[PDB]
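Chains as they are written, first to last, in the deposited numbering: chain L, 1215 to 1395, 1402 to 1494; chain C, 1158 to 1168; chain G, 50 to 482. The beta carbon of each residue, even a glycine, is placed where N, CA and C say it ideally should be. Structure record follows, encoded as C-alpha cells.
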Ligand SMILES: Nc1ncnc2c1ncn2[C@@H]1O[C@H](COP(=O)(O)OP(=O)(O)OC[C@H]2O[C@@H](O)[C@H](O)[C@@H]2O)[C@@H](O)[C@H]1O
C-alpha cells in the first residue's frame, strides 16, 4: 500500500528525484543503493516568513516548538516518530523515502502541518429527498481546482505558527470557497463553522514531499445536516485556486495527493457512501 | 404507473 | 451547362457587409500536407463540387490542413451559402453537432422515428447547421437519411448538413487530388476500388471539409478542428452549439469530454447503443433520484466500460472511467433522452432543456424557446424569474424578445411578452438610425 511520489518535483524546472521501486519505499527496509538528489526550490531558498531556516540545527522535533514565541506543530503523526540525522542535523521523514533530500517545495523541515477543511452536505434532489446509492447516503463536498497543477483537491493550506486548526480551517474556507468573505449569511456561516470535528491526522502522499520535509495533514469536516447554511454560500474560486465546485464523494475519484483517504475517513465517520 | 412504482421497485 | 464562379462574396471581419473578390485569391490561404512531416505545407488546390448519383444538387468540398484557422473555413461555408442563396440567407440560430458510432447499428424503430422526428423538427424550426462526420456508415448515414426528407419537403432554403471528415480514409482521394482547382463537376464513385483506404463519403451531406495531416488510414485527427470550427461558428452567429451522442466508440467519449470542457452542452440518447448507454448509467448513478436507480455501483460501470471499449491495460480502463465520470461532473451540461421515461415527441424538449441549462442570459433562452414553439417552457421560465426577483433582466430583454416574436411570426408569444408589463409603444430598433 506504499506510496511513491512522481520523479519530477512540481515547479522545480525539470529537476528530477532519485527513482525507486514501490517495494523499497518503507523506512524499516534497508535499501543500500539509495542516492537521492539534493534540490531546493528558489521560492524556498529565498527564505520567506512561512519557511523554516535552511540550517536545521538547534531545532527540537517530535514536540510543539516555538518560533518567534508562536507554537508550531513540529510533531509527526507517525508511530515511530521523527529521527534526526547526525551528519547535518536535518530531520528524517518517517513516512518513507522520496528520492530527494533537502526541503524542496515544502517550507518547513520535517513535518509540514497542513489543515484541510472539507465542508460537506447531503446531495439532495429539489423534491427534498436525499439521494441514496449502494445502500448508503451519498455525501457532497466543496473541491477547488488548484492553480499550479490543474487537479481538483480539498481546500486547505499549511497551519501557521501560534494558531490552531479552527482558525486555519475557517480562514482557508473563507479564502478559497468564499473568496472575499454578510448579515444572515454570516450568521449561517458562523453556525456552520461552530461545529467541526478533527476526523484524521495522517501523512499526506504529496508529490512535493522529500526525505527532510514531508506533509502531514489534519482533516476538519464541516457538515451541514439540514443543508440550509450550505445553500447560502456564494461559491467563487480565489487565491491559488481557479474554480471551486460541489463534487460527489465516491471511491473512483481522481483527486490530488492522499485526499481519497481523507474523504474515506469523513464518509467512514458519517456512515456515507465511498 | 402507481402499481409499477408500488411493486416493481419494491423488489 | 454550369458556368464556373469567378468571384465570391467573403464577409468582412466587422460583420457589416460582404466584399467581392476572386476565388483563387481567397483559396490561396488553405494549405495541404502530403509530406506526413511537411509541417508548413504547400497550397491545396483540391476544392470544388462533387456530384453524387440520385442527387439533383451538387455538394462542395474543401481539403484543408489540420493547422489551418477554422475562421477561414467558416468564411468558405458562408461565402458558398451567400453565392447560392444570396446575401440575405437564413442565418442559423442553433449549431447541432452530431457525434457517435461510425460502425453500423440496429436501433429500435420507435427510437429511430423519435430521433428522426425531433432532429428534423429542430433543424427546420431553427434553420440549423448540422455538423456530422462524412463517412457513409452509422450515425452520419442515419442523419443523412433524416435530412433527405428535409431536402425533399423544402423548396427554397435547405440547412447545410456539413460533413467534416479526416482525409486519408476517403475513397477516391487520388481522383480528387488529380486535376485543376476550378473543379465543378466531378463524378464520385463510392463503389470504386481503392487499395489502402476503405471508407467512402456519404452522398447526403451538403458540404465537405477533408481535414488532412499527411497520414494515411489513421482516424481521429479531425476531432479538434471540428470542435474549434463549431465554437468559432457559434461565436460568429451568437448561436448555441449542441452535440448529440448516439452509440459511439472511444473517440466519441473524447469528443464529449472536449465538448463539456469547452462549455458546450451534450444530449446523450439512452437506449441507443454502447457509449451512450455508459454515459446514461453514469448520470443515473450520479444525479438521478428515482427508486429504481438506487442499486447502482462503480463496479458494474467499470465492468461495462471494460466490456464495451476493451482497454489493453487496467490504467487505461481507469483513465476511461475517470474521463467518463469527468464528463458528467456538471449536471447542466448533460441531458439524457430515454424512451421509457420521456415522450415520443419530446426529443426537441430535451434539446431545449440543454439550451436552457447552458445559456447564461434570459433573453437568448427565451429567443430559442420561441424558435422551438414551446410557450409553456417560456412561461415557466418567465414566472420563475418573476418570482425570484429577477424582474430587471425581464424588462431588459422583453423588447428584443417582442421584436423577434414579431419578425418570426409567433402571435401567441407576442401575447405573452406583452402580458408581462411590456409597453407596445416602448419598442426600440436594433440598429441606430
Ligand atoms: N468517422 C469515422 N468513420 C468511419 N470509420 C471510423 C471513423 N472514426 C473511426 N473509424 C474507425 O472505424 C471503426 C468504427 O469504430 P467506432 O467505435 O465507430 O469509431 P469511434 O471510436 O466511434 O470513432 C469516433 C469518431 O466517430 C465520429 O462520431 C467522430 O467524428 C469521431 O471521429 C473504428 O475502429 C475506427 O478505427
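By the Cβ criterion, the segment 95 to 114 of chain G is not in contact with the segment 57 to 65 of chain G, since fewer than three pairs of Cβ atoms, one from each stretch, lie closer than 8 Å. Not flagged as an interface residue toward chain G: residue 1235 of chain L, since no C-beta distance is shorter than 8 Å. Here the segment 219 to 235 of chain G makes no contact with the segment 168 to 178 of chain G; the two share fewer than three CB pairs at distances below 8 Å. The Cβ of residue 405 of chain G sits no closer than 8 Å to any Cβ of chain L. In this structure, residue 299 of chain G has its CB closer than 7 Å to one or more heavy atoms of ligand 1. Beta-bridge pairing by DSSP links residue 447 of chain G to no other residue. Within chain C, the residues placing a beta-carbon under 9 Å from that of residue 340 of chain G are 1162, 1166, 1167, ordered along the chain. For residue 1318 of chain L, the uninterrupted beta strand (DSSP E) run begins and ends at 1314 to 1318, by DSSP.
By the C-beta criterion, the segment 325 to 341 of chain G is judged to be in contact with the segment 282 to 296 of chain G, since at least 3 inter-stretch pairs fall below 8 Å. Using a Cβ distance threshold of 8 Å, residue 1318 of chain L and residue 1417 of chain L do not count as a contacting pair. Distance check between residue 141 of chain G and each of G:268, G:191, G:458, G:420 places G:420 closest, using alpha-carbon atoms only. With fewer than 16 other Cβ atoms from the protein chains shown falling within 10 Å of its own Cβ, residue 206 of chain G counts as exposed. Assignment of residue 1334 of chain L by DSSP, reduced to helix, strand and coil, places it in the strand class.
Not one heavy atom of ligand 1 lies closer than 7 Å to the C-beta of residue 1277 of chain L. At a cut-off of 8 Å between beta-carbon atoms, residue 347 of chain G makes contact with chain L. Residue 1327 of chain L is bridged by DSSP to L:1436. In this structure, residue 180 of chain G lies away from residue 149 of chain G, with their beta-carbon atoms at least 8 Å apart. In summary, residue 473 of chain G is exposed, with fewer than 16 beta-carbon neighbours lying within 10 Å of its beta-carbon over all protein chains present. Beyond the five residues adjoining it in sequence on each side, residue 1478 of chain L comes within less than 6 Å, by CB distance, of 1424, 1425 in the same chain, given in chain order. Residue state for residue 1481 of chain L is assigned as helix, using DSSP reduced to three classes. Taking 8 Å as the CB threshold, residue 343 of chain G lines the interface with chain L. Burial of residue 1347 of chain L is indicated by the presence of at least 16 other C-beta atoms within 10 angstroms of its C-beta. The beta carbons of residue 1310 of chain L and residue 1241 of chain L sit closer together than 8 Å.
In this structure the segment 1320 to 1338 of chain L lies against the segment 1430 to 1443 of chain L, because at least three pairs of beta carbons, one per stretch, are closer than 8 Å.
Note that the C-beta distance between residue 1345 of chain L and residue 1335 of chain L is not below 8 Å. Excluding its 5 nearest sequence neighbours in each direction, residue 380 of chain G has C-beta neighbours in its own chain below 7 Å: 336, listed in chain order. Under DSSP, the beta-bridge partners assigned to residue 1359 of chain L are L:1366, L:1463. Of the residues L:1271, L:1277, L:1250, L:1486, the one whose Cα lies closest to the Cα of residue 1301 of chain L is L:1271. Secondary structure note for residue 257 of chain G: its beta strand (DSSP E) is the uninterrupted segment 256 to 261. A direct Cα-to-Cα measurement between residue 1484 of chain L and residue 382 of chain G gives close to 28 Å. Residue 275 of chain G: member of the alpha helix (DSSP H) spanning 272 to 285, first to last residue. Runs of alpha helix (DSSP H) with 4 or more residues, each lying fully within the segment 407 to 471 of chain G, are found at 411 to 420, 424 to 436, 440 to 456, 460 to 468, listed in chain order. Taking 8 Å as the Cβ-Cβ cut-off, the segment 1277 to 1292 of chain L has no residue approaching chain G. Annotation for residue 357 of chain G: the continuous alpha helix (DSSP H) segment containing it runs 347 to 358.
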